[PDB]
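Below is one structure, written out as structure tokens; comments come after it.
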Amino acid sequence: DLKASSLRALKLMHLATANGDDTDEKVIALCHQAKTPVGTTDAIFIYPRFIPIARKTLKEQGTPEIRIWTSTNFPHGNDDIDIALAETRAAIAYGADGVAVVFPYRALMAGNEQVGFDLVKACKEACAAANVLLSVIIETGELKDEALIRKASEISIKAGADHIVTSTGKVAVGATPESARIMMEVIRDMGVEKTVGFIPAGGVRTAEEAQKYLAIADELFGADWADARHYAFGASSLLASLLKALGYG
């Protein structure tokens, strides 16, 4: 049922600006966009410095329930733990509800598993102390290989990831049905479905694509699993496609 899946996906969205560029004016507009004729998205996704203005805008339009996610170690996923941690502490201090840290995927590709564990764990500890969720972006489009995708997901989960996320949206290839299935299989195989969620991002553009991603979750975990705590869509123009499927625009 495409209309049913489309409303479900809309409510799970972490809404970002169309080209991933933020300005005050674009972030104010984003906040307004998150308030749709069929309900609100779960959150917005913006750079840290825009958190205060976004919080004010969300409150003033009467939607303070819409959460604010931001990013750290982003988008390049460098292997400097001190820098990633400093950025994560700043994100928390700005007022973020969740922080998406980029996994040091190049380090992993070079065979260094440990740095990814240490980096995620450090950021998780800061977030946990502040009641802020930590998601980990593994950049499946750059990892490419099934074994590497599984490994990055495994390490992130062991290190304390609250969600695992396919992509930054800053490289060409983002989520695919195949990479999403791999990552969800890791959640399943590790038995961490109660504590770890999944987020397809980068390139999820149509209602039909969104339906497919949710269908995989429904199959692996049952239809009730993919609530806001366990699922989100990292997307932008997807919103217009979802509204179109529902009979708006």
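The chains in the structure tokens are called A, B, ... from first to last as shown; in each chain the residues are counted from 1, and the ligands are counted from 1 in the order shown.
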Stretch 41-202 of chain A: which residues are strand (DSSP E) by DSSP, as number ranges by chain?
A: 43-45, 67-72, 98-102, 133-137, 163-165, 197-199
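Between residue A:113 and the residues A:86, A:126, A:155, A:43, the shortest atom-to-atom distance, using only C-alpha atoms, involves A:155.
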List every residue of stretch 42-146 of chain A that has an atom at most 10 Å from any atom of stretch 34-38 of chain A, and for each one report the closest atom pair and its distance in Å to one decimal, counting only C-alpha atoms, with rows sorted by chain and then by increasing residue number, as a Markdown table.
| residue | atom | partner | partner_atom | distance |
| --- | --- | --- | --- | --- |
| A:42 | CA | A:34 | CA | 8.3 |
| A:43 | CA | A:34 | CA | 7.6 |
| A:44 | CA | A:34 | CA | 7.3 |
| A:58 | CA | A:35 | CA | 9.0 |
| A:61 | CA | A:35 | CA | 8.6 |
| A:62 | CA | A:35 | CA | 9.4 |
| A:63 | CA | A:35 | CA | 7.5 |
| A:66 | CA | A:34 | CA | 8.1 |
Residue neighbourhood stretch 8-24 of chain A, 6 Å, only C-alpha atoms, exclusion window fewer than 2 positions, as a PDB file with N, CA, C and O atoms, in the first residue's frame:
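Ended up saving to part.pdb:
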ATOM      1  N   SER A   5       2.516   3.449   3.059  1.00  0.00           N
ATOM      2  CA  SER A   5       3.964   3.479   3.285  1.00  0.00           C
ATOM      3  C   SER A   5       4.508   4.904   3.221  1.00  0.00           C
ATOM      4  O   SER A   5       5.439   5.238   3.953  1.00  0.00           O
ATOM      5  N   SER A   6       3.929   5.715   2.339  1.00  0.00           N
ATOM      6  CA  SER A   6       4.386   7.089   2.113  1.00  0.00           C
ATOM      7  C   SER A   6       4.143   7.972   3.343  1.00  0.00           C
ATOM      8  O   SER A   6       5.018   8.760   3.721  1.00  0.00           O
ATOM      9  N   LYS A  26      17.678  29.309   4.658  1.00  0.00           N
ATOM     10  CA  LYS A  26      17.326  27.969   4.189  1.00  0.00           C
ATOM     11  C   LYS A  26      16.868  27.071   5.345  1.00  0.00           C
ATOM     12  O   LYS A  26      16.008  26.207   5.157  1.00  0.00           O
ATOM     13  N   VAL A  27      17.433  27.291   6.532  1.00  0.00           N
ATOM     14  CA  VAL A  27      17.081  26.486   7.715  1.00  0.00           C
ATOM     15  C   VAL A  27      15.701  26.883   8.242  1.00  0.00           C
ATOM     16  O   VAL A  27      14.904  26.029   8.627  1.00  0.00           O
ATOM     17  N   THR A  41       7.341  15.814   9.969  1.00  0.00           N
ATOM     18  CA  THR A  41       8.448  14.856   9.938  1.00  0.00           C
ATOM     19  C   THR A  41       8.976  14.676  11.367  1.00  0.00           C
ATOM     20  O   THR A  41       8.685  15.493  12.260  1.00  0.00           O
ATOM     21  N   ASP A  42       9.751  13.617  11.600  1.00  0.00           N
ATOM     22  CA  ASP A  42      10.277  13.347  12.935  1.00  0.00           C
ATOM     23  C   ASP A  42      11.288  14.396  13.353  1.00  0.00           C
ATOM     24  O   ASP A  42      11.391  14.756  14.530  1.00  0.00           O
ATOM     25  N   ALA A  43      12.064  14.855  12.379  1.00  0.00           N
ATOM     26  CA  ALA A  43      13.207  15.703  12.666  1.00  0.00           C
ATOM     27  C   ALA A  43      13.643  16.453  11.442  1.00  0.00           C
ATOM     28  O   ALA A  43      13.166  16.220  10.321  1.00  0.00           O
ATOM     29  N   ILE A  44      14.582  17.349  11.692  1.00  0.00           N
ATOM     30  CA  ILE A  44      15.366  17.980  10.646  1.00  0.00           C
ATOM     31  C   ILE A  44      16.831  17.626  10.878  1.00  0.00           C
ATOM     32  O   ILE A  44      17.229  17.227  11.977  1.00  0.00           O
ATOM     33  N   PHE A  45      17.616  17.745   9.815  1.00  0.00           N
ATOM     34  CA  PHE A  45      19.044  17.456   9.838  1.00  0.00           C
ATOM     35  C   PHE A  45      19.783  18.674   9.272  1.00  0.00           C
ATOM     36  O   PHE A  45      19.580  19.059   8.112  1.00  0.00           O
ATOM     37  N   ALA A 228       9.947   5.621  15.155  1.00  0.00           N
ATOM     38  CA  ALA A 228      10.908   6.723  15.093  1.00  0.00           C
ATOM     39  C   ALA A 228      12.226   6.446  15.804  1.00  0.00           C
ATOM     40  O   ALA A 228      13.274   6.932  15.366  1.00  0.00           O
ATOM     41  N   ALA A 232      14.634   5.887  10.407  1.00  0.00           N
ATOM     42  CA  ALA A 232      14.451   7.226   9.855  1.00  0.00           C
ATOM     43  C   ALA A 232      14.869   7.231   8.405  1.00  0.00           C
ATOM     44  O   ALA A 232      15.599   6.340   7.967  1.00  0.00           O
ATOM     45  N   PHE A 233      14.390   8.221   7.659  1.00  0.00           N
ATOM     46  CA  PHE A 233      14.885   8.495   6.318  1.00  0.00           C
ATOM     47  C   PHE A 233      15.692   9.783   6.298  1.00  0.00           C
ATOM     48  O   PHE A 233      15.165  10.852   6.621  1.00  0.00           O
ATOM     49  N   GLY A 234      16.966   9.664   5.938  1.00  0.00           N
ATOM     50  CA  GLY A 234      17.840  10.833   5.746  1.00  0.00           C
ATOM     51  C   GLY A 234      17.625  11.312   4.324  1.00  0.00           C
ATOM     52  O   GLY A 234      18.133  10.698   3.391  1.00  0.00           O
ATOM     53  N   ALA A 235      16.827  12.368   4.153  1.00  0.00           N
ATOM     54  CA  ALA A 235      16.362  12.766   2.818  1.00  0.00           C
ATOM     55  C   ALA A 235      15.861  14.198   2.746  1.00  0.00           C
ATOM     56  O   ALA A 235      15.727  14.882   3.771  1.00  0.00           O
ATOM     57  N   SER A 236      15.557  14.632   1.522  1.00  0.00           N
ATOM     58  CA  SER A 236      15.143  15.999   1.268  1.00  0.00           C
ATOM     59  C   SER A 236      13.987  16.029   0.277  1.00  0.00           C
ATOM     60  O   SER A 236      12.819  16.085   0.694  1.00  0.00           O
TER      61      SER A 236
END
Leaving out stretch 141-148 of chain A and any residue of its chain fewer than 5 positions from it, which residues lie within 10 Å of it when counting only C-alpha atoms, given as a PDB file with N, CA, C and O atoms, in the first residue's frame?
ATOM      1  N   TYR A 105      35.835   5.374   7.780  1.00  0.00           N
ATOM      2  CA  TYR A 105      35.735   4.252   6.854  1.00  0.00           C
ATOM      3  C   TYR A 105      37.021   4.021   6.046  1.00  0.00           C
ATOM      4  O   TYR A 105      37.371   2.880   5.753  1.00  0.00           O
ATOM      5  N   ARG A 106      37.725   5.086   5.686  1.00  0.00           N
ATOM      6  CA  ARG A 106      39.028   4.898   5.016  1.00  0.00           C
ATOM      7  C   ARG A 106      40.022   4.152   5.911  1.00  0.00           C
ATOM      8  O   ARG A 106      40.785   3.317   5.421  1.00  0.00           O
ATOM      9  N   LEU A 108      39.236   1.947   8.151  1.00  0.00           N
ATOM     10  CA  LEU A 108      38.802   0.556   8.110  1.00  0.00           C
ATOM     11  C   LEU A 108      39.225  -0.124   6.813  1.00  0.00           C
ATOM     12  O   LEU A 108      39.670  -1.273   6.827  1.00  0.00           O
ATOM     13  N   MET A 109      39.090   0.590   5.699  1.00  0.00           N
ATOM     14  CA  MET A 109      39.492   0.068   4.399  1.00  0.00           C
ATOM     15  C   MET A 109      40.987  -0.251   4.361  1.00  0.00           C
ATOM     16  O   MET A 109      41.414  -1.180   3.658  1.00  0.00           O
ATOM     17  N   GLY A 111      42.441  -1.437   7.002  1.00  0.00           N
ATOM     18  CA  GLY A 111      42.581  -2.538   7.957  1.00  0.00           C
ATOM     19  C   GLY A 111      42.574  -2.138   9.420  1.00  0.00           C
ATOM     20  O   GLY A 111      42.697  -2.993  10.305  1.00  0.00           O
ATOM     21  N   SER A 153      29.399  -1.841  10.300  1.00  0.00           N
ATOM     22  CA  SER A 153      28.158  -1.918  11.088  1.00  0.00           C
ATOM     23  C   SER A 153      28.383  -2.618  12.439  1.00  0.00           C
ATOM     24  O   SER A 153      27.925  -2.146  13.474  1.00  0.00           O
ATOM     25  N   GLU A 154      29.099  -3.745  12.412  1.00  0.00           N
ATOM     26  CA  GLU A 154      29.418  -4.511  13.619  1.00  0.00           C
ATOM     27  C   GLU A 154      30.195  -3.683  14.642  1.00  0.00           C
ATOM     28  O   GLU A 154      29.829  -3.624  15.820  1.00  0.00           O
ATOM     29  N   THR A 166      23.408   4.675   6.354  1.00  0.00           N
ATOM     30  CA  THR A 166      24.149   4.279   5.159  1.00  0.00           C
ATOM     31  C   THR A 166      25.171   5.329   4.726  1.00  0.00           C
ATOM     32  O   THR A 166      26.337   4.982   4.428  1.00  0.00           O
ATOM     33  N   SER A 167      24.758   6.601   4.722  1.00  0.00           N
ATOM     34  CA  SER A 167      25.462   7.599   3.911  1.00  0.00           C
ATOM     35  C   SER A 167      25.411   9.043   4.426  1.00  0.00           C
ATOM     36  O   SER A 167      24.532   9.409   5.220  1.00  0.00           O
ATOM     37  N   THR A 168      26.370   9.853   3.967  1.00  0.00           N
ATOM     38  CA  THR A 168      26.413  11.285   4.307  1.00  0.00           C
ATOM     39  C   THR A 168      25.612  12.125   3.318  1.00  0.00           C
ATOM     40  O   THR A 168      25.247  13.273   3.619  1.00  0.00           O
ATOM     41  N   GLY A 169      25.396  11.587   2.119  1.00  0.00           N
ATOM     42  CA  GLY A 169      24.868  12.379   1.012  1.00  0.00           C
ATOM     43  C   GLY A 169      25.892  13.268   0.323  1.00  0.00           C
ATOM     44  O   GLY A 169      25.534  14.084  -0.541  1.00  0.00           O
ATOM     45  N   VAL A 171      28.887  11.865  -1.001  1.00  0.00           N
ATOM     46  CA  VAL A 171      29.544  11.082  -2.055  1.00  0.00           C
ATOM     47  C   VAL A 171      28.442  10.644  -3.011  1.00  0.00           C
ATOM     48  O   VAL A 171      27.265  10.747  -2.673  1.00  0.00           O
ATOM     49  N   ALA A 172      28.816  10.149  -4.187  1.00  0.00           N
ATOM     50  CA  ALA A 172      27.844   9.882  -5.259  1.00  0.00           C
ATOM     51  C   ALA A 172      26.801   8.809  -4.920  1.00  0.00           C
ATOM     52  O   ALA A 172      25.594   9.031  -5.093  1.00  0.00           O
ATOM     53  N   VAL A 173      27.266   7.672  -4.413  1.00  0.00           N
ATOM     54  CA  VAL A 173      26.413   6.520  -4.131  1.00  0.00           C
ATOM     55  C   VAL A 173      25.970   6.558  -2.665  1.00  0.00           C
ATOM     56  O   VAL A 173      26.792   6.641  -1.753  1.00  0.00           O
ATOM     57  N   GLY A 174      24.662   6.521  -2.457  1.00  0.00           N
ATOM     58  CA  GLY A 174      24.105   6.505  -1.117  1.00  0.00           C
ATOM     59  C   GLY A 174      23.467   5.160  -0.844  1.00  0.00           C
ATOM     60  O   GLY A 174      23.972   4.123  -1.286  1.00  0.00           O
ATOM     61  N   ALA A 175      22.333   5.165  -0.153  1.00  0.00           N
ATOM     62  CA  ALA A 175      21.689   3.902   0.224  1.00  0.00           C
ATOM     63  C   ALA A 175      21.291   3.101  -1.020  1.00  0.00           C
ATOM     64  O   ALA A 175      20.909   3.678  -2.036  1.00  0.00           O
ATOM     65  N   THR A 176      21.391   1.776  -0.943  1.00  0.00           N
ATOM     66  CA  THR A 176      20.715   0.912  -1.929  1.00  0.00           C
ATOM     67  C   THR A 176      19.931  -0.152  -1.157  1.00  0.00           C
ATOM     68  O   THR A 176      20.246  -0.420   0.001  1.00  0.00           O
ATOM     69  N   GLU A 178      20.193  -3.175  -1.351  1.00  0.00           N
ATOM     70  CA  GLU A 178      21.151  -4.212  -1.032  1.00  0.00           C
ATOM     71  C   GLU A 178      21.993  -3.864   0.198  1.00  0.00           C
ATOM     72  O   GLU A 178      22.129  -4.689   1.112  1.00  0.00           O
ATOM     73  N   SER A 179      22.520  -2.638   0.244  1.00  0.00           N
ATOM     74  CA  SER A 179      23.282  -2.200   1.413  1.00  0.00           C
ATOM     75  C   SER A 179      22.391  -2.087   2.661  1.00  0.00           C
ATOM     76  O   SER A 179      22.818  -2.452   3.742  1.00  0.00           O
ATOM     77  N   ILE A 182      21.916  -5.594   4.047  1.00  0.00           N
ATOM     78  CA  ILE A 182      23.152  -5.994   4.742  1.00  0.00           C
ATOM     79  C   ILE A 182      23.212  -5.415   6.161  1.00  0.00           C
ATOM     80  O   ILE A 182      23.412  -6.140   7.123  1.00  0.00           O
ATOM     81  N   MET A 183      23.018  -4.101   6.287  1.00  0.00           N
ATOM     82  CA  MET A 183      23.109  -3.446   7.590  1.00  0.00           C
ATOM     83  C   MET A 183      22.029  -3.914   8.561  1.00  0.00           C
ATOM     84  O   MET A 183      22.297  -4.122   9.740  1.00  0.00           O
ATOM     85  N   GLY A 202      21.144   9.450   1.703  1.00  0.00           N
ATOM     86  CA  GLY A 202      21.863   9.749   0.508  1.00  0.00           C
ATOM     87  C   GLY A 202      21.086   9.140  -0.633  1.00  0.00           C
ATOM     88  O   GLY A 202      21.054   7.947  -0.836  1.00  0.00           O
TER      89      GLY A 202
END
Set the distance at 8 Å and use only C-alpha atoms: which residues neighbour stretch 224-227 of chain A once local chain neighbours fewer than 4 positions away are removed? I'd like the list as a list in words.
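Those residues are residues 12, 214, 217, 218 and 231 of chain A.
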Shell of 7 Å around residue A:132, only C-alpha atoms, local chain residues under 4 positions omitted, as a ChimeraX atom specification:
/A:97-98,127-128
Store the residues picked out above in a file with N, CA, C and O atoms, as a PDB file, in the first residue's frame.
ATOM      1  N   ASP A  97      19.424  17.126  19.472  1.00  0.00           N
ATOM      2  CA  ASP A  97      18.724  15.924  19.992  1.00  0.00           C
ATOM      3  C   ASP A  97      19.457  14.630  19.615  1.00  0.00           C
ATOM      4  O   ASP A  97      19.435  13.625  20.359  1.00  0.00           O
ATOM      5  N   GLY A  98      20.090  14.649  18.447  1.00  0.00           N
ATOM      6  CA  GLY A  98      20.890  13.513  17.998  1.00  0.00           C
ATOM      7  C   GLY A  98      22.106  14.001  17.226  1.00  0.00           C
ATOM      8  O   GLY A  98      22.090  15.094  16.642  1.00  0.00           O
ATOM      9  N   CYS A 127      27.500  11.757  24.199  1.00  0.00           N
ATOM     10  CA  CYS A 127      26.070  11.829  23.883  1.00  0.00           C
ATOM     11  C   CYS A 127      25.193  11.218  24.987  1.00  0.00           C
ATOM     12  O   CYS A 127      24.186  11.818  25.388  1.00  0.00           O
ATOM     13  N   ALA A 128      25.596  10.042  25.480  1.00  0.00           N
ATOM     14  CA  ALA A 128      24.817   9.292  26.480  1.00  0.00           C
ATOM     15  C   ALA A 128      24.658  10.103  27.773  1.00  0.00           C
ATOM     16  O   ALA A 128      23.555  10.183  28.333  1.00  0.00           O
TER      17      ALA A 128
END
Pick out the closest residue to residue A:162 from this set: A:209, A:219, A:193, A:79. Count only C-alpha atoms.
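Nearest to residue A:162: A:193.
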Quick one: DSSP helix (DSSP H, G or I) residues in stretch 92-129 of chain A, as a ChimeraX atom specification?
/A:92-94,105-109,114-129
